[PDB]
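Student: sequence, then the experimental structure. Questions to follow.
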Protein chains: 2
Amino acid sequence: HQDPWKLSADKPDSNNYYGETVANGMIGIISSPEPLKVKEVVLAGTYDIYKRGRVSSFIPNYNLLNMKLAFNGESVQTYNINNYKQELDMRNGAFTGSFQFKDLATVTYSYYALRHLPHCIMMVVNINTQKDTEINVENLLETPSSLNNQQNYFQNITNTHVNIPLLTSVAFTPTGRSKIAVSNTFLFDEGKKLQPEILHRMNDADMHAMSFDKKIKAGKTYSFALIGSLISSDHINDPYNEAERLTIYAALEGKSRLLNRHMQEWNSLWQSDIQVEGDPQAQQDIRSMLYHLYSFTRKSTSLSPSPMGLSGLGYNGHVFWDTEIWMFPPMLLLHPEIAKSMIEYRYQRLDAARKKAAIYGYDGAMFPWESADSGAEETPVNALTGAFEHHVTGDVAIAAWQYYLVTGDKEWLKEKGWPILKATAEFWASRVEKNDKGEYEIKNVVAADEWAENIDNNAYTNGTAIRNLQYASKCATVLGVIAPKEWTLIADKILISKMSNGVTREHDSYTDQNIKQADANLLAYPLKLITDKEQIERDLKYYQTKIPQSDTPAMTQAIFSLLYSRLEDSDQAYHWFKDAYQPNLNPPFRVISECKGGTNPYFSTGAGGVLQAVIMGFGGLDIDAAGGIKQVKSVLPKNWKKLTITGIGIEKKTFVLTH
Amino acid sequence: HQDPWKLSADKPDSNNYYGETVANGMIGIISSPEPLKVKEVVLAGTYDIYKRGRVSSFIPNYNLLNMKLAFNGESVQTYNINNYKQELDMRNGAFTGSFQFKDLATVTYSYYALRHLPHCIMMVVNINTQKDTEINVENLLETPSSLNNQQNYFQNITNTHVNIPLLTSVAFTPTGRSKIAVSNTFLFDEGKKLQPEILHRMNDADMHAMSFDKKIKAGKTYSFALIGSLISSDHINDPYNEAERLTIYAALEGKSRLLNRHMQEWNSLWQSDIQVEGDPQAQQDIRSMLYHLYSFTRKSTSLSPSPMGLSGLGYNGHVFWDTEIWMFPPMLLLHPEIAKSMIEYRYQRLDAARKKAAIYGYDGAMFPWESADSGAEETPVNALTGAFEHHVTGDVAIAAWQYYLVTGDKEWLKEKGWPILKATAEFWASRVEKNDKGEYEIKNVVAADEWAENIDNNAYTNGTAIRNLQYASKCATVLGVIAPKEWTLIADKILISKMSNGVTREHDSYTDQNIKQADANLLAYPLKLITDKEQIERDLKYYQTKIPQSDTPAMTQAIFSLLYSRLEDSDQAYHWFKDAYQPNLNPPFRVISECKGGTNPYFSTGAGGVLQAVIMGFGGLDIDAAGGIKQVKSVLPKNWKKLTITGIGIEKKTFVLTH
Ligand SMILES: OC[C@H]1O[C@H](OC[C@H]2O[C@@H](O)[C@H](O)[C@@H](O)[C@@H]2O)[C@H](O)[C@@H](O)[C@@H]1O
Ligand SMILES: OC[C@H]1O[C@H](OC[C@H]2O[C@@H](O)[C@H](O)[C@@H](O)[C@@H]2O)[C@H](O)[C@@H](O)[C@@H]1O
């Protein structure tokens, strides 16, 4: 079960099953233990009021691939199939199931979120017969209870060469904010005269279906595909006509062309890769972490991943600093154009951040704790993070500057980076208060350690303000512009304190409390305000005892690991690398939950930090404060014989580490 | 677990659990295996387009009892309770759960669909603690995905003596056809000054909650109740205000008064009962059947039960001949005022039946195959029973005449019976076709055996037409009005044909096909057109093996039982009695599914049938064609020592049978 490219499950157990996702950064499809079904489908960029939090959310969408298959009268179910297996090929995001039906046929089905066509999905079904049999195939378009005012359509698009049957639905998100259209068709190899007639049934208020029968003789293979397109008014003004147009298009491109395009784009993604010799389980795990970040992001866009990417409704689909600090750094090293999309998401919401700042009495741009379509604040109001966790504004500025450092694109710095850095720094200049002693303070925040609420001088928050003001000043110099001299004066006197045991104090009320996740330790990495190895070690040893086993998210141990690799302590780095995700795993695909023993995968934020422990920690790779990627001292786990990181930085460098 | 009054389950197993229902003929609440939750709630009379069949349906409603209980911050879960038991007390429809929380406290909760107040529910909670502790109690009002455009309110109703905190939700059925209001409050014993402060949270789009803490001292019992009122625009013009009014009212009546009234009404229902000696399983099973009918009906109304009563969304809540022929006859004998509501339902829908006949080119009234709010046809269009299964009209007439036979109420005959009998006979007079031989045919129907579709001269349909015409004529005689002599001429010449072996032919195309359910046999009972014992017997011998084991509903073997009891064949009567329901049971409460090994309880139609096998078969009780209840020869199961039937007919007779 440790193939380095594939995740395998024999005989799915529906009582203990967490499905895996295929996605193209726009549509995610989460697997079902049941054959020829999907559990959930999510469309990026489509938000409406729905359940959790009383604020916008991703919306469960059409399970557009759901199919029912019958042989010689008899419905294929979990209960009457044998040798059933599922597999995720991470090389191309193919999810495959396969089974035997009695004495009649082997069935294999593979589905894909087509990597070049953001709104298109394809399933390919192969029937190999051991006896003569007749199949009945049905594709169902059930309108999920999250949508309303559905309409169920069917038509034939024809010319002399083709008969393309379209099963279409149109419906609305709960408040009517977004109109969703889905349109499906079957592709056959045999051509218009010989293809099965397609029947259409509309027997329920919330479900219609298209269906056909086909006689297959013993010893033959019969194939067909299902193509579906899924789009909304958030993506295009006329989703109904756009859905049908895209499914027509894809049908006339055909399976072969579509898959070849899919494959070419996946191949390009895997040109940046991490290879580990001597530890197959690590190898597979790290490939799964890469796979998920590649599936949940998309070059050449303004999309940014939620903490759970497209694996479901985790955190409502909202964007957090989980992007900037956790998922963004490994992507920026491996595929900068992905990082470009993530920061583009913020650039386009700068005006919304300006608006927040004005509503809360500050200058500049105040990015929201949680962000969705507009870029306004979308945190549930019962969570004090929304009003008071303010580091996110500095987190956005850090990643913007980092983009510049790694790409050296001064054209992007002038047009997009500087507007961000300038406005965020104007926010911090307005956010601080000078005291009698000439120090600057930032009072009344929720810490990165979110258990500490309405406290003063949070170490991490204070550190991001310092960085934000310093990077905006560095950027003004790059661009030949005059920065407010106040920005450096402030950065230099923002308070960061130590306790009497010589440990960095997390906040002004901090003595010895348990903490939710890493905060003071983040000044060592990523912020690198603390670079004295003794201080790093003092702070590690103190805080590593303060994280409880329960209810603490995977935004911690990866950092411990990373700093221990930078201090060249192999055993401890490897201990914290495993502890970061292994306690969080869900069967049968080793997906990652947010917290230890949790049941809410897939926490791509978690994957993002572990990838940093691997690349920046074991690989010793580092964004150089002066430009590009450098390599610092590192160690490997004892049992890893070789680590190979490919496609790094704009020179696409390969790094090989050994003992 | 064979208490004759109580159904009981130890340690509910959620992987194999079919909940039991409490109901007052208006609201039904179906149990959850989870402590202090309910699975589903259904309000009678509220219909909208929703899922199955693309036609009107009962809607899942607010799970208004749902409660969360914590002890010093620790919520109750499966893994921290023990000695968890559930019980349904059939004497008063009380559903009770009980459990122990760790070794700290014991908890019981009993809930009720209050019998006298159709729109009000009550749950009483009792907590006995060993040590000092603090409880947190939350009542959650989650808007189900079946409803839309919800609003979540909370307010305090006060005077010098009380503070009634109301948690209210108002929402709409899928098309906006019905507006639903729910309003809950907590009742305390301790009085306004000492009662807990109630907090309100609205943290989700689709859920709000009211909560309180309370300190309980070591060795003391703390008791509180939750009252809920659930009502719609189908029942009142202003449900929002009526729901709050009703809960205020119930709150100031108080628990004690509310339960006393409930008990009195249940006590009356059980004045008609069936007692079996020598077979405890039978006794419990039969009580369960009576309980479900009593719970799923209501005297002094125009309500009629669906095939699944208020147990869920079975057959979309629609009314079928399952009332008139299956549920109605035991209710007529035991509690005629329940039968009076069932036929009232048809009386107030006579104009819609006249409209149906006109639209399908017939005279008089043509009752729909499936009925709901208006009395128009509600059968899903994909089912040819809607257009072609016409015997329903004669089934309505039969029940209307029986009502008169049993009660002797000639004032009702004039006002309500005769309108029905006259219009329904006018239908049949227009529905027959005379042939060259002077016989009357009824062509192109779906048979009671619904596997026979678009066939001629169905036995059961033809018999219901004869009976309809005869009984209309007799009604005319009683009332002194002139009936068409054609009714009698047509009745006496409607075709009922024999095969060469002398067996009643099901329809003109019938030879030896398997059949879905009893049809020719129904001519013996209930119609009594076949009285000759050798004919009854030859029809039984031919047809009894024609019903397959699978996918055949519980509308067959109860009739075989009854007929064998009338033929004085104890072994066969008892064989069919058990076969009618025991292969259809689901755990842990022995609820009845529609079919053998099915999974869609509670099929109240199948219970009605069995209750006829017991009352009319084993008890020998019969509606006398001349008026009243008579008794014919019968036999008991060998192992039954005594069968006692109480509350029969308008004189409330007790029948006792022994070997
Ligand atoms: O989506 C809202 C909010 O959810 C998570 O936080 C909930 C509360 O958790 C506690 O740990 C913390 O003490 C509070 O400050 C939080 O409101 C999430 O961690 C948070 O980032 C989200 O905004
Ligand atoms: O509510 C619709 C319909 O449901 C059930 O019938 C479905 C089909 O069942 C077959 O067995 C039969 O041959 C057909 O005539 C039916 O349409 C139900 O039995 C029926 O009464 C309902 O009207």
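Tutor: Nice, thanks for sending it over. Residues are numbered from 1 along each chain as shown, chains lettered A, B, ... in the order given. Ligands and ions are numbered 1, 2, ... in the order given.
Student: what's the first helix or strand after the longest helix along chain A?
Tutor: Counting by DSSP state H, the longest helix found in chain A is helix A:459-478. Using DSSP states H and E, the helix or strand that follows helix A:459-478 towards the C-terminus is helix A:486-491.
Student: what helices and strands are in contact with that following helix?
Tutor: Using 3 or more Cβ pairs under 8 Å, 6 or more residues apart in numbering or on different chains; DSSP states H and E, the elements in contact with helix A:486-491 are helix A:418-431, helix A:459-478. C-beta here means a position set from N, CA and C on the backbone, and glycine is covered the same way.
Student: state the distance from the residue nearest the centre of chain A to ligand 1.
Tutor: Geometric centre of chain A, nearest residue: residue A:309, 2.9 Å, by Cα atoms, centre = their mean. Residue A:309 sits 16 Å away from ligand 1 when distances are taken as Cβ to the nearest ligand atom, to the nearest Å.
Student: leaving aside the residues next to it on the chain, what's closest to that residue?
Tutor: Excluding its sequence neighbours, the residue lying closest to residue A:309 (Cβ to Cβ, 6 or more residues apart in numbering or on different chains) is residue A:296, at 2.9 Å.
Student: about what we covered before: isn't the residue nearest to the centre of chain A up against residue A:604?
Tutor: Yes. Contact criterion Cβ atoms under 8 Å: residue A:309 and residue A:604 qualify, at 4.2 Å.
Student: touching both of the two, which residues are there?
Tutor: Contact criterion Cβ atoms under 8 Å, 6 or more residues apart in numbering or on different chains; residues shared by residue A:309 and residue A:604: A:292, A:293, A:296.
Student: ranking by neighbours, what's the top pick from those?
Tutor: residue A:292 (30 neighbours; other Cβ atoms under 10 Å in any protein chain shown).
Student: so that one sits in a helix?
Tutor: Yes. Counting by DSSP: H, G, I helix; E, B strand; the rest coil, residue A:292 falls inside a helix.
Student: surely residue A:414 is in a strand?
Tutor: No. Under three-state DSSP, residue A:414 sits outside any strand and is assigned helix.
Student: who in chain A is up against ligand 1?
Tutor: Within chain A, the positions adjacent to ligand 1 are A:53, A:315, A:369-370, A:379-380, A:383-385, A:446, A:450-451, A:453, A:516 by Cβ under 6 Å from any ligand atom.
Student: and with 5 Å instead?
Tutor: A:379, A:380, A:383, A:385, A:450, A:451 (Cβ under 5 Å from any ligand atom).
Student: which of these count as buried?
Tutor: Among the residues of chain A next to ligand 1, those classed as buried by 16 or more other Cβ atoms under 10 Å in any protein chain shown are A:379, A:380, A:383, A:385, A:450.
Student: and the third one, how far from residue B:355?
Tutor: I take that to be residue A:383. 56 Å (Cβ to Cβ, to the nearest Å).
Student: cool, and the last one?
Tutor: Counting by Cβ to Cβ, the gap from residue A:450 to residue B:355 is 64 Å.
Student: same question for the fourth one.
Tutor: For residue A:385, the distance to residue B:355 equals 60 Å [Cβ to Cβ].
Student: equivalent analysis for the second one, please.
Tutor: Computed as Cβ to Cβ, the residue A:380 to residue B:355 distance reads 52 Å.
Student: coming back round to it: would CSV of the helices and strands packed on helix A:486-491 with mean neighbour count and distance to ligand 2 be doable?
Tutor: Listed next are the helices and strands packed on helix A:486-491 as CSV, based on neighbours: other Cβ atoms under 10 Å in any protein chain shown; distance: least, Cβ to the nearest ligand atom, whole Å:
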stretch, mean neighbour count, distance to ligand 2
helix A:418-431, 24, 61
helix A:459-478, 24, 62
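Student: now render these as JSON lines, adding distance to residue B:77.
Tutor: Converted to JSON lines, the helices and strands packed on helix A:486-491 look like this (distance: least, Cβ to Cβ, whole Å):
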{"stretch": "helix A:418-431", "distance to residue B:77": "43"}
{"stretch": "helix A:459-478", "distance to residue B:77": "34"}
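Student: so which of these comes closest to residue A:16?
Tutor: Ranking these by distance to residue A:16, with Cβ to Cβ as the measure, places helix A:459-478 first at 37.4 Å.
Student: same for the closest one, what does it pack against?
Tutor: When contacts are defined as 3+ Cβ pairs under 8 Å, 6+ apart, helix A:459-478 packs onto helix A:391-407, helix A:418-431, helix A:486-491.
Student: I'd like the next helix or strand past the second one.
Tutor: Using DSSP H and E, the next helix or strand after helix A:418-431 towards the C-terminus is strand A:433-434.
Student: which helices and strands sit right next to that next one?
Tutor: Using 3+ Cβ pairs under 8 Å, 6+ apart, strand A:433-434 is in contact with strand A:440-441.
Student: which stretches of the stretch 1-150 of chain A form helices?
Tutor: Assigned by DSSP state H, counting those that start in this stretch, the stretch 1-150 of chain A shows no helices.
Student: now it against ligand 1: closest residue?
Tutor: residue A:53 (5.8 Å; Cβ to the nearest ligand atom).
Student: which phi and psi does the closest residue to that residue other than its chain neighbours have?
Tutor: Leaving aside its sequence neighbours, residue A:53 sits nearest to residue A:380 (Cβ to Cβ, 6+ apart; 3.4 Å). Note on residue A:380: backbone dihedrals following degrees, to the nearest 10 are phi -50, psi 140.
Student: identify the farthest-apart pair in the buried ones among the residues of chain A next to ligand 1.
Tutor: For these, the maximum inter-member distance is 13.3 Å, found between A:380 and A:450 (Cβ to Cβ).
Student: and the helices in the stretch 551-659 of chain A, which stretches?
Tutor: Taking DSSP H, counting those that start in this stretch as the criterion, the stretch 551-659 of chain A contains helices spanning A:557-566, A:570-579, A:604-612.
Student: so what touches the last one?
Tutor: It stands for helix A:604-612. A:274, A:286, A:288-290, A:292-293, A:296, A:305-309, A:311, A:320, A:322, A:326-330, A:553-555, A:558-559, A:561-562, A:577, A:580-581, A:584, A:592, A:594.
Student: buried sites along that helix?
Tutor: Buried, per 16+ other Cβ under 10 Å, within helix A:604-612: A:604, A:605, A:606, A:607, A:608, A:609, A:610, A:611, A:612.
Student: same thing with the second one?
Tutor: Neighbour counts over helix A:570-579 (16+ other Cβ under 10 Å) mark A:570, A:572, A:573, A:574, A:575, A:576, A:577, A:578, A:579 as buried.
Student: quick one: residues contacting the second one.
Tutor: I take that to be residue A:572. Taking Cβ under 8 Å, 6+ apart as the test, what residue A:572 contacts is A:560, A:564.
Student: what separation is there between it and residue A:637?
Tutor: 11 Å.
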